[PDB]
Structures are given as C-alpha cells and as structure tokens.
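The form solved without pyridoxal-5'-phosphate (PLP) is given below as one chain in structure tokens.
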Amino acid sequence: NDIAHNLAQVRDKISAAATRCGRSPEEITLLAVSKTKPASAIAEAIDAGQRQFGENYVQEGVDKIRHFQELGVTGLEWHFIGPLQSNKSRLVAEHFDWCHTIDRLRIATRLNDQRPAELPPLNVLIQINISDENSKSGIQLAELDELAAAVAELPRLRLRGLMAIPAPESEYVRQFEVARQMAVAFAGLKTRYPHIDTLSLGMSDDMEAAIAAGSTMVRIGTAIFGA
C-alpha cells in the first residue's frame, strides 16, 4: 500500500469521528503502531508528517529510536506500548518518551530509578485490564487509586492518564460501554490528580466507539503500514 495515503485516510476517519460527536479533531492523537515494520516504513511515515510512533518490543524500538536520532530527525515521540519486563526496563527509561503499560509499582520504580535526570520525566499511563480475561496485562479498576498515588510520587515519571486494550469485541454497543467504563475512570482520576490528559484507548476496529466515549489517543498499525 502507500503509507502517506493511508495516513491521510486514517486522519480523515479520526477527524470525522470527532466531528460527529461534537469533539474537535485536535483532541485525538494518532499513535502510529510500527511494531514489526522496518525503519524505512517509519521513515515514509515521518516524511508524511507522522511524529508519534508506538513500539511493542524494547530492542526493536530502541534500534529505531537510535536510527532516527543519528539521522538527526527531531520532533519525534516514541511510546512503549508492550508489556515491560524488569530486565528490559533500563532501555525503556533511557530512550522512550512515553510508556503506556504501567501495571505494577515495581516496574514504575525501576523506570524512575533508571531514567537519567537530564531527560524530561517519562510520561506514563497506568494500564487497566478493563474487559479481557485472556490477558495478564493491566490492573483492575479497584486497584487504580492506590497505584496512581504511589506512581505519582516518582519524580522522573509523569502520570498522564490511563490505557486499556479491551477484549476484542464486534458489537458497537459493547465497544462503547467498555470504552465509557475507561472514560469514567479517566474522569475520576482527572479530578484529583494533576495533568491527567491522556486516555490511550482504541484501535482501527473500535476507533469510533473509543473516540465517542472520550479517548484522546488511538493506536493504529495495520491501517497505516499494512499487514
């Protein structure tokens, strides 16, 4: 396919979905999910104006980060959106700008400790397992207040909101209901904690329900880079 054309098509759908439910299209960040795609494909996306990329595997993501740092491309934002094992946390703390997958205090404390002080604080989301019994990633909502309080004190992290990967769901009604559960948790978090502004929620198949429910960031891979 053509990455530049796909990017425009995805941005159009995001913009339409926001407009339909009265939201401004600027409220929704497109996170281009480049896992398993070569740097040359990311390079095409960059040449077409895309600046935020999400990677699922640490060494793959760090190799790409270094590649575009050495080319001297600036303005990029790299999000780690895969599960994080403790033996790979240092590479994430030293190179990524965001991490969506905080689901236990020890991994956040490791990231905090391994983040150099000269870098900006690592932007982190707490991941909720909202509806997926087949996943072991993410916390239950009942554990959120406690974990958020603990994570919030880490000086080299910045708690920015929540992420979830709901169980696959074909019914729009259930897509919206599950997404609203996350939006409701997001809003409650936003009242007490400072600078809560990111709800990472939604991919191609549930994009409309996620945006209608209150997502601020959709994660799109196949529809941009192909399969």
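Position 1 is the first residue in the sequence shown; the rest follow in order.
Comparing 212 to 220 with 19 to 27, the stretch with the higher mean C-alpha B-factor in the PDB entry is 19 to 27. Between 51 to 59 and 184 to 192, it is 184 to 192 that carries the larger average Cα temperature factor according to the deposited entry.
For the set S131, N123, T109, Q127, the maximum C-alpha B-factor listed in the entry falls on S131. In the deposited entry, the Cα temperature factor of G202 sits in the middle third of values across the chain's modelled residues. Compared with the other modelled residues of the chain, the Cα B-factor recorded for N87 ranks in the highest third. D103 sits in the lowest third of its chain by CA B factor, as recorded in the PDB entry.
When the modelled residues of the chain are ordered by their C-alpha B factor, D97 lands in the lowest third.
The PDB entry assigns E153 a C-alpha temperature factor belonging to the middle third of its chain's modelled residues.
Separately, the form solved in complex with pyridoxal-5'-phosphate (PLP) exists; it is not shown, and the next lines address it.
Heavy atoms within 4.5 Å of pyridoxal-5'-phosphate (PLP) in the deposited bound form map, among the stretches 84 to 92, 104 to 112, 130 to 138, 68 to 76, onto 84 to 92 alone. Across the proposed site, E60, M203 and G221 without exception bring a heavy atom within 4.5 Å of pyridoxal-5'-phosphate (PLP) in the deposited bound form. Using a 4.5 angstroms threshold between heavy atoms, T29 stays clear of pyridoxal-5'-phosphate (PLP) in the deposited bound form.
In the deposited bound form, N56 approaches pyridoxal-5'-phosphate (PLP) with a heavy atom inside 4.5 Å.
Contact annotation: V33 falls within 4.5 Å of pyridoxal-5'-phosphate (PLP) in the deposited bound form, judged by heavy atom distances. Using a 4.5 Å cut-off on any heavy atom, none of the residues of 162 to 199 reaches pyridoxal-5'-phosphate (PLP) in the deposited bound form.
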